[PDB]
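K.L.:
all I have is the shape, not the residue letters:
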Ligand SMILES: Cc1cc2nc3c(=O)[nH]c(=O)nc-3n(C[C@H](O)[C@H](O)[C@H](O)CO)c2cc1C
Ligand SMILES: COC1=C(OC)C(=O)C(CC=C(C)C)=C(C)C1=O
Ligand code: FES
């Protein structure tokens, strides 16, 4: 067991009820083009074309051979593009049940499958995009291998769904997916979980490691730092538990499995709960009739690291397993910065809120201040559990010094790994965007 | 108020007739009301703490020291005046100095039986003009630099101005105070880009300017008690002359006990005398997590070790060798610098290991300058400025060790 | 004028010794 | 003519080339030492460039530095002997920095970069020009340091000191080294404000 | 050992060559961009200064000082040419030695030797040694201590300038101008030792 | 190559050496007189003699001032080349100086030359004043002064600090003419012939034979001045010499 001490669990009101229920009927889904790092799409579809389930929609120029396939069967209704014609989303209206089928095997022979056969089926089905590399959080090249595949069987994000409930419903698919991963990896498979019991694979190279503590104990970046440190020459892959279930269903039934269980939660959700949905489901339709009145922000993913689901981005992300809804915090308070703050949450002890340990907060999207320079009062060290110097690493990101950031461990990090640093920053810096710019510069010169 | 700020907002936005004053407008509008801004990217929620509250807590943490300092400055001045003059001679002195007859005009008294109200009022007449001059002159430089570079005025000047005003003699001329704050704000802070981008403590850099440019008004036996014609040494100077037995308050004829120095019944800088008042203020900001207890712990470790070493070595000529650690704590500006000036996060080290070394260096340097430097009775300002130069070096040592661990895959 | 003659000789000899040392060092160290 | 005035502002040795800094900090406490040091550097630099260019076609490359420093040191020795004989008071104030003219980066910088590849007469002009730019900084820094630190210019009282029944309190820091760093830095800020082409890129 | 230890501490902090005598500022301000580059240059200054000062002390006492060779003959006017000549020779010899037998040392120290061949810090230290009339043992301690103090100052400046990657210096002061101000603020801190009669 | 290299080096060295040697030897005599005239001008100033031109300084110094060697231990004159004696250099040599103990070293000089040099200011053929060079450690550096004493051996005729490194506003006031004027008329010794000159902190009484006002805000430098006169008027300094002077010497 690995115990995490440094970190922060946000006590935001509206925690989901850990019971799975049927969601709203979803009439259209989409694939977000901006959520894939370094993806340059070559469109294989046009508006009005009818696509089958698991049919390729667009291909990646910078990552040859990777296919992004439709999650449902229907008709392409719109191809949203933004500044510089960047692919925002490809929206498909659900109509029909046509699909593309693949080879199916038995649970006994899954661990003995050839690696090239496994890669071929994953790439063709479009499920290869579930893997993300570390560093750079990109979809792995189809001809590359990894000695470490990390399964995120836990989630410490605020308002996150409990993985135990979902995995117990799909125990056979979860174990089958682990066997496929065991044959796929050249090294080991790290199933990172909490102390709760989970279905176990019988393969000797699949190892369960227990992580305890607050956020970010559940992030794949934390798990890699403590089990398989990553660098330029040591690349690891990560995949979440629900995608592992999809891998098991793919090799057991020969059909792409696009069902998802997402937690719908937040202060303005009337009944926070787990709802069954589909990949890329429209968040406008999913959240319909679920929210209290007023101006609210719908977030694909967690409040700490998620996409503002508005307009062409109002669809469930590829790697997101929750939907968060918050009020927009536009209120101006007279001397609000000088108030005692009985209902204000902070990592510091400058407010009366910390004196009430059992308090939950109706957090809004307010910034709680203006943008300023960094003044290191030591907040970053209280939420960073990795063996890094957070303050000096963050200054390098602000300064744009990519070479120094790499030496300080920027290659081991993702945007979500710096979400807590962004949260507790007195200067209101957004370190996720700064890190990605540094990572993009590193890849460009490599 | 809120409606007026919203209505005039368009005047200071680009294209308005008051665009060049946009920096001033945001400094005032955001002062009263929160900006009311929502997040734009990931981490859609934010911590409630911001720079304004951090700076205002430190600014409030020195209020107990400020109020006692005005009370102590008046008490020292009144006691010395009645020690020197009496009757008509005292009346002539009161009429000849505007500090004295302003106190008597506002209902106060300069007599030996003056209450705490008169003593604090007399101290106020010496401190408020200094604080007003420092605030106005320093604020002009802060606004001018922000207007030229087209940036919003970052917080932190309220802390700098009040700390600078509390570390100067009560008799400091106003024009020197204007020059001192100008050097600290412009040369030490603004040419580097403002708050969070400098390496040297701005308030102590301004005090170092006055220390070396005009040493006659910031040292000696004529500047620490605000009584005209009164010459009196302080505890650090007296101990350097004759040790513990020389601690005698000539204004009253009583020996300076340890409790007198701890409470703050001694002459010196305005806001440094009361160690108890500084402890109360420091406890609040240390508990809030604003001030670093690692730096404070390091300063105490450095002071205790080196002072004990001097006591063990001993000296038959230098009386400063036999001063214990607890006398070092309650004398001079050691407590003020340790609690509110060594803890400046921008000037200090950025690593926890570096903070311990940063604090130890300050504590060692302060005792060293007190003992083995005969020119200066105190060295807290010099110790902190010296340690600001090596604060980045401590961080470099720490990170290089961290990089070596990373290159070994943390032991794989 | 003994001081002048001594100054002229020592000035030349000091420089000559330095030049010869550098030339000898360069010939015995720098590869060719 | 332009070669004479070019190293004054466009190509200043101290403000741009970062040469000759050591003497600029030390000797600028007074105008008399700053003026004498200006003439000495200008005298040595011009003659060293002139003599080096004369023998530039015969200097062995193995001992090139030794040959150059033999000329530079010899000129400085003569300057030192003359200063002791006719300006003994100023020479005593200059202390070791009279000898440090040999190691002044301006003297060797121009001898190697220019005198080795130029005719003697242009080399003499180049040495005079760089001395003027070096002296321009020294006199400008020396003016403020002496006026604000003593109220005097060349020893002549301009601001009556309070100690002598006047009204001006001299600034002690102007007589201390840190003021020389500040004045030069702000002087560079002024030069590059009117000469934006000299601004270093970020 | 107290006399030598006192001299060593005096040459490092009390009389730091860079921030109390301000010699070698040209390389001090220029090469201080990076800590590792400054650290390499500082070691090279230590080695040259630790060798040059004792050698010039032997030359001055045996040859150049009055009544050294012939009574009544004073050759002290040859001090300037002799001191720089020795320094210029030893620095070049070290380049020929390090580049030949110790390629790792040539990368670590040899690449910085041409910069400090005629640097003011070496010549100033020799001149101060002659003025103070040190012995041979004191020359070794003074030479080593002066280099360590010089190395300490430039490395400290290098760490400050690396920290200043986050600064927002105005364009007019960017580069050389802000470096002068930085070194001036460092001089203030080192004045803490002024007045210590060690 | 080698022949050309050596020929150029030798020819260059010879030309440079001849110019350097000629300049050093030709100017040497003028160099040493400049050092002398600098100190001679200072001694004339403290003695109260007006001299402006360099020639005027030389003629007045030869006419009015006669340097003489004095042995500190015995107080008697010693025959020697007084005009060329270097007391500072003799103080640093073990064979011509004594190391002082902690009790004796009041002025913190750590050494004292065996024989010093005094300057007898003579008006014609009769000595009128004696110039005593004294030095003592200040706050920042050693401070060197000339004190002019009347033929009675007790009355100070003038004081002049000619080499000090104290702070100009605090400690550098030893060169202030107003402060120097206070020393005129003061008595060095009491009726018991003990050293009795006192630097009074906070200002000496206006009517005082031994009190001199201390430097304002410069107690440490004032202590250095007080220690300087305590040592040099004691038995280790000009004590025995001034005892013989007041008995009817000179
Ligand atoms: C705990 C704390 C201590 C501070 N101490 C000082 C100080 O001693 N002097 C000062 O000028 N500013 C001080 N500041 C304000 C500010 O952080 C400082 O001026 C930075 O150097 C601005 O870049 C302090 C701020 C905090 C939060
Ligand atoms: C305490 O925090 C602070 C402010 O508001 C709370 C300020 O307005 C300002 C701005 C002040 C002026 C004079 C523009 C500063 C500097 C500050 O530190
Ligand atoms: S002038 Fe001294 S190192 Fe260049």
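P.N.:
Thanks, I have the structure now. Residues are numbered from 1 along each chain as shown, chains lettered A, B, ... in the order given. Ligands and ions are numbered 1, 2, ... in the order given.

K.L.:
residue B:275: how many residues sit nearby?
P.N.:
Here the number of neighbours of residue B:275 (other C-beta atoms under 10 Å in any protein chain shown) works out to 21. Yep, even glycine has a C-beta here, placed from its N, CA and C like the rest.

K.L.:
does stretch A:395-406 reach ligand 1?
P.N.:
No - where contact is defined by C-beta under 6 Å from any ligand atom, no part of stretch A:395-406 touches ligand 1; the two come within 13.2 Å at best.

K.L.:
can you list the neighbours in contact with that stretch?
P.N.:
For stretch A:395-406, contacts defined as C-beta atoms under 8 Å, 6 or more residues apart in numbering or on different chains pick out A:374, A:393, A:408, A:410, A:429, A:431, A:434-435, A:437-438, A:441-442, B:350, E:165-166.

K.L.:
so what's residue A:311 up against?
P.N.:
The contact partners of residue A:311, taken as C-beta under 8 Å, 6+ apart, are residue A:80.

K.L.:
what's the distance between it and residue A:36?
P.N.:
Applying C-beta to C-beta, to the nearest Å, the value for residue A:311 to residue A:36 is 19 Å.

K.L.:
show me what contacts the spatially most central residue of chain D?
P.N.:
Most central in chain D under C-alpha atoms, centre = their mean is residue D:134, positioned 4.2 Å from the mean C-alpha point. Contact criterion C-beta under 8 Å, 6+ apart gives D:7, D:13, D:14, D:20, D:24, D:38, D:41, D:42, D:106 as the residues in contact with residue D:134.

K.L.:
what about residue A:85, neighbour count?
P.N.:
One way to gauge burial is a neighbour count; for residue A:85, by other C-beta under 10 Å, it gives 7.

K.L.:
now it. Its backbone dihedrals?
P.N.:
Comment: the main-chain dihedrals of residue A:85 come out as phi 60, psi 40, following degrees, to the nearest 10.

K.L.:
please enumerate the strands of the stretch 251-400 of chain A.
P.N.:
In order along the chain, the stretch 251-400 of chain A carries the following strands (DSSP state E, counting those that start in this stretch): A:259-265, A:273-278, A:296-301, A:306-308, A:322-327.

K.L.:
cool, and chain F?
P.N.:
Residue ranges of the strands in chain F, as given by DSSP state E, are F:65-71, F:77-78, F:97-99, F:111-113, F:115-123, F:126-137, F:142-150, F:156-163, F:198-200, F:211-213.

K.L.:
make TSV out of those and add mean neighbour count and distance to ligand 3.
P.N.:
Conversion of these to TSV gives the following (neighbours: other C-beta atoms under 10 Å in any protein chain shown; distance: least, C-beta to the nearest ligand atom, whole Å):
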stretch	mean neighbour count	distance to ligand 3
strand F:65-71	17	42
strand F:77-78	16	47
strand F:97-99	14	38
strand F:111-113	18	35
strand F:115-123	19	40
strand F:126-137	20	32
strand F:142-150	21	29
strand F:156-163	20	28
strand F:198-200	17	43
strand F:211-213	19	45
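
K.L.:
so which of those gets nearest ligand 1?
P.N.:
Counting by C-beta to the nearest ligand atom, ligand 1 lies closest to strand F:126-137 out of the strands of chain F; the figure is 36.6 Å.

K.L.:
quick one: the closest one to strand F:65-71, angle?
P.N.:
Here strand F:126-137 runs at an angle of 60 degrees relative to strand F:65-71 (axes from the mean of the first three to the mean of the last three C-alpha atoms, to 10 degrees).

K.L.:
what about residue D:149, which SS state?
P.N.:
Three states are possible here, and by DSSP: H, G, I helix; E, B strand; the rest coil the one that applies to residue D:149 is helix.

K.L.:
near it, how many other residues are there?
P.N.:
Under the criterion other C-beta under 10 Å, the count of neighbours that residue D:149 has is 20.

K.L.:
would TSV of the strands of chain F with distance to chain A be doable?
P.N.:
Written out in TSV, the entries for the strands of chain F read as follows (distance: least, C-beta to the nearest C-beta, whole Å):
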stretch	distance to chain A
strand F:65-71	68
strand F:77-78	71
strand F:97-99	55
strand F:111-113	54
strand F:115-123	63
strand F:126-137	47
strand F:142-150	48
strand F:156-163	51
strand F:198-200	52
strand F:211-213	52
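
K.L.:
columns distance to residue A:187 on top of those, output as CSV?
P.N.:
Compiled in CSV, the strands of chain F are given as follows (distance: least, C-beta to C-beta, whole Å):
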stretch, distance to residue A:187
strand F:65-71, 94
strand F:77-78, 96
strand F:97-99, 78
strand F:111-113, 78
strand F:115-123, 90
strand F:126-137, 75
strand F:142-150, 76
strand F:156-163, 80
strand F:198-200, 85
strand F:211-213, 88
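
K.L.:
residues in contact with residue 24?
P.N.:
Just going to use chain A. With contacts taken as C-beta under 8 Å, 6+ apart, residue A:24 has the following neighbours: A:275, A:285, A:286, A:288, A:289.

K.L.:
hmm, no, I was thinking of chain E.
P.N.:
D:22, E:17, E:18, E:45, E:116, E:119, E:120, E:121, E:122, E:124, E:150.

K.L.:
same check, this time on residue A:122
P.N.:
Counting by C-beta under 8 Å, 6+ apart, residue A:122 touches A:128, A:247, A:250.

K.L.:
please redo it, this time with the cut-off set to 10 Å
P.N.:
When contacts are counted by C-beta atoms under 10 Å, 6 or more residues apart in numbering or on different chains, residue A:122 touches A:67, A:102, A:128, A:129, A:130, A:131, A:142, A:180, A:184, A:247, A:250, A:251.

K.L.:
in the stretch 301-412 of chain B, what residue lies closest to chain C?
P.N.:
Of all residues in the stretch 301-412 of chain B, residue B:400 sits closest to chain C, at 34.4 Å by C-beta to the nearest C-beta.

K.L.:
residues of chain B that sit close to ligand 1?
P.N.:
For chain B, the residues in contact with ligand 1 (C-beta under 6 Å from any ligand atom) are B:54, B:58, B:156, B:159-160, B:163, B:189, B:195-196, B:198, B:201-203, B:285, B:290-291, B:340-341, B:343-347.
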